[PDB]
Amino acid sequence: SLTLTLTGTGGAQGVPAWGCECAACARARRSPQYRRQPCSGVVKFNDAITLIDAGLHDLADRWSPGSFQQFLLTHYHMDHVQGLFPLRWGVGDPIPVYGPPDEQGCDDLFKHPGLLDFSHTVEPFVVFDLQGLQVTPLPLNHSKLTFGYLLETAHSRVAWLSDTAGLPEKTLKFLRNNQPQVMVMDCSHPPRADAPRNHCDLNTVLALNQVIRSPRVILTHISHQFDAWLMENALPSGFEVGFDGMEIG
């Protein structure tokens, strides 16, 4: 069995953005269901649990040491690893952290890892196994060394693709060739005429799925500007917006 929960669907700024009173941020202050925490997920394959990224600040309250099997990191920007900082001082057995071979990490995680074991680095396009789940690292287009991941079982294929601006050629072809049934994709911005540089806008996501043809694209890493746009514009069939806590089967 393969399930995926989106625990956070925002970017670093979040929704509401601090001090902002735009339509999306004001709504999220009034109704918590519309809040967006840092982009992160939970994957459950049978009994085995993987935490994708660690930008949430309350992991120590959601989980106890030993209650999940590993972290899987996309990259070392603060909004994807800030939740590791207090966890590392816990009491328990070592916790494997799988991720890209970023040689610097973030602040002093690598020098003072506590119970976190960052030795589990992975390689582009080289499949590795997490309790039987087949995971393929996919290089993304981002200011840090950043991997997305294909998650595969006998019957299911899900892609986790944040943070990215467009996709590198080989990654794009890989996804077209290994069509995911579900793609969770960075779409920080509303439709733009050009670019952007570090994250996709909606036009870029539409262009990418013209190639990949995933039947279910779930947008994440949503900025408050995109949320405001979504309050007044519909998405095309086959696209939906993620929300914090969304469960995917």
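All residue numbers are counted from 1 along the displayed sequence.
J.: On average, are the C-alpha B-factors higher in 140-148 or in 72-80?
T.: Between 72-80 and 140-148, it is 140-148 that shows the higher mean C-alpha B-factor.
J.: On average, are the C-alpha B-factors higher in 110-118 or in 150-158?
T.: That would be 150-158.
J.: Going by the deposited entry, which of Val182, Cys39, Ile49, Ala26 has the highest CA temperature factor?
T.: Highest C-alpha B-factor among the listed residues goes to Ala26.
J.: Considering only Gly99, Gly90, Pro94, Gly166, which residue's Cα atom bears the greatest B-factor as recorded?
T.: Reading the PDB entry, the winner on C-alpha B-factor is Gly166.
J.: What third of the chain does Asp186 rank in for C-alpha temperature factor, lowest, middle or highest?
T.: Middle third.
J.: Relative to the other modelled residues of the same chain, rank the CA B-factor of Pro16 and answer lowest, middle or highest third.
T.: Middle third.
J.: Using the B-factors in the PDB entry, rank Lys44's C-alpha atom against the chain and give the third, lowest, middle or highest.
T.: Lowest third.
J.: Mind checking which third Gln33 falls in for C-alpha B-factor across the chain?
T.: Ranked within chain, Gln33 CA B lands in the highest tercile.
J.: Compared with the other modelled residues in the chain, in which third is the CA B-factor of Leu2?
T.: Top third by C-alpha B-factor.
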